[PDB]
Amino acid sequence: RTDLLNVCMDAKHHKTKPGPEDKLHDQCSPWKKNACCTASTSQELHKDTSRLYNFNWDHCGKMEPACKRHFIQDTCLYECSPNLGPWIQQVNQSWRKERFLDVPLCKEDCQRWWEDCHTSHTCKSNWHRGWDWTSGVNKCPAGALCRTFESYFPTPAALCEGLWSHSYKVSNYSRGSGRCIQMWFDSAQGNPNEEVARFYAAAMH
C-alpha cells in the first residue's frame, strides 16, 4: 500500500528517490515540486532523437507539433512521475529492471492524443519492440510500411494501450475525477495524480 507511494522506478534515467526539481524544462515543469527526473533529463527529452534513448519520433517524415507535444508530455510522465508505484512491474531488460503496466490513463487525455496525431505517420503499432536499431537510431524494420497514424492506431485505445506494450490502459474515468492518471495537468492545486496513486494503491490491494 503506502510503500507504493512516492517512488521512482528502477529504470535507465530515473533518480533513486522523488525530490524537488525547480529547473525542470518546458513541458516537464508541472512536475517541478516533486519528480523522478533531473533537470538535465527534462531538457534532453524535448529534443528530436534525444540522447535519452536515441528515439526518433520523425521516423516517417516530420511528426506534427500538435502531435509531438503529446509524445513529449508522455515522456515527461514516464521519466518524471513519482506517482506510478501501483503499476510498476518487474521486467528483465538490459536498460531497465522495471516498467509500468496498465496505468489508468484518463480517457480524454488518450482521445486528445489520438486526435492530434491523425495528420502524422508511423510504420508500427508498437514502439517498444521491433525497430531496426543497427544504425543506433530506431528505423522502420522489414515488413513495416509508413502509413497514417490511424492505420496503425484505429482507435484511441489502440494508441494508448499498444504504444508501449500496455503501459497504459484507458480508464473510463475523466480528467479531474481523481480516479485516473492525467498526462496533462497544471499544478495549480498541486499534482492531481498523487491522490490517484494513493487511491489505487489501496483499491488494487
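Just so we're on the same page, rigid core means the largest C-alpha set that superposes within 1.5 Å between forms. All residue numbers are counted from 1 along the displayed sequence.
Visitor: Which is farther from the shown form in 4 other deposited structures of this protein in C-alpha RMS with the core fitted, 115-123 or 93-101?
Guide: The answer is 93-101, which departs more from the shown form in 4 other deposited structures of this protein.
Visitor: Which of 3-11 and 195-203 lies farther, on average, from the shown form in 4 other deposited structures of this protein once the rigid core is superposed (C-alpha RMS)?
Guide: When 3-11 and 195-203 are compared in 4 other deposited structures of this protein, 195-203 lies farther out.
Visitor: According to the deposited model, is the average Cα temperature factor higher in 185-193 or in 7-15?
Guide: Per the PDB record, 185-193.
Visitor: Looking at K47, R69, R147, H166, which has the biggest Cα B factor in the entry?
Guide: Result of the comparison over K47, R69, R147, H166: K47.
Visitor: Between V91, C110, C76, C117, which one tops the list for Cα B-factor in this entry?
Guide: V91 has the highest C-alpha B-factor of those listed.
Visitor: Determine, from the deposited record, the chain-internal third of the Cα B-factor for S125: lowest, middle or highest.
Guide: Middle third.
Visitor: Quick check on the deposited entry: does the C-alpha B-factor of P30 sit in the lowest, middle or highest third of its chain?
Guide: Its C-alpha B-factor belongs to the middle third of this chain's values.
Visitor: Which third of the chain holds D102 when residues are ordered by C-alpha B factor: lowest, middle or highest?
Guide: For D102, whose C-alpha B-factor we compare with every modelled residue in the chain, the answer is the lowest third.
Visitor: Ordered by C-alpha B-factor within the chain, which third holds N56? Give me lowest, middle or highest, please.
Guide: CA B-factor rank for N56: lowest third.
Visitor: Check where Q43 lands among this chain's C-alpha B-factors and tell me if it's the lowest, middle or highest third.
Guide: For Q43, the deposited C-alpha B-factor lands in the highest third.
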